[PDB]
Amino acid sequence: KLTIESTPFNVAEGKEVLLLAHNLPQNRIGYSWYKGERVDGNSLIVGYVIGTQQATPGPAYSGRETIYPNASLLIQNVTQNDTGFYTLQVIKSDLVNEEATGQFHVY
C-alpha cells in the first residue's frame, strides 16, 4: 500500500522537510500533492505529469514546494503554519488511483 513518510517528522522553523512516497504503483502517470487530509483541487499544491515532467502549481502553492519524479515533495523554509497534513494522489493509466496522507510538525 501507498504510504507517506515525512522526514524529518519534527522540523525546526526555517528548515526543510521531505515527504517520501513508499510503494508507488507501476502503471502510474502522475501525482498531485494537496495540503490537508483529502484530495481537494482548492488545496492543490502541485500536479505533476510523469510523461512530460510538467509541474503545474497552485492554489496552495507558495514559493517553496518541489515535487520530484519519484513523487516525493520537498517543502523548504517551513513556517509554523505548515504544521499539519499533506495528501498525495497517484494517478494511474487506468485511473484506479491511489491516495495517502501525510504529516509533519514545525517547531
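Note that residue numbering begins at 1 and tracks the sequence as displayed.
Mean Cα B factor from the PDB record: higher for 51-59, or higher for 78-86?
Higher mean C-alpha B-factor in the PDB entry: 51-59.
Record-listed C-alpha B factor of residue 18: chain third
For residue 18, the deposited C-alpha B-factor lands in the lowest third.
Grab the CA temperature factor for residue 70 from the record and place it in the lowest, middle or highest third of its chain.
For residue 70, the deposited C-alpha B-factor lands in the middle third.
Relative to the other modelled residues of the same chain, rank the CA B-factor of residue 43 and answer lowest, middle or highest third.
According to the entry, residue 43 has a C-alpha B-factor in the chain's middle third.
Among the modelled residues of its chain, does the C-alpha B-factor of residue 98 lie in the lowest, middle or highest third?
It falls in the middle third of the chain.
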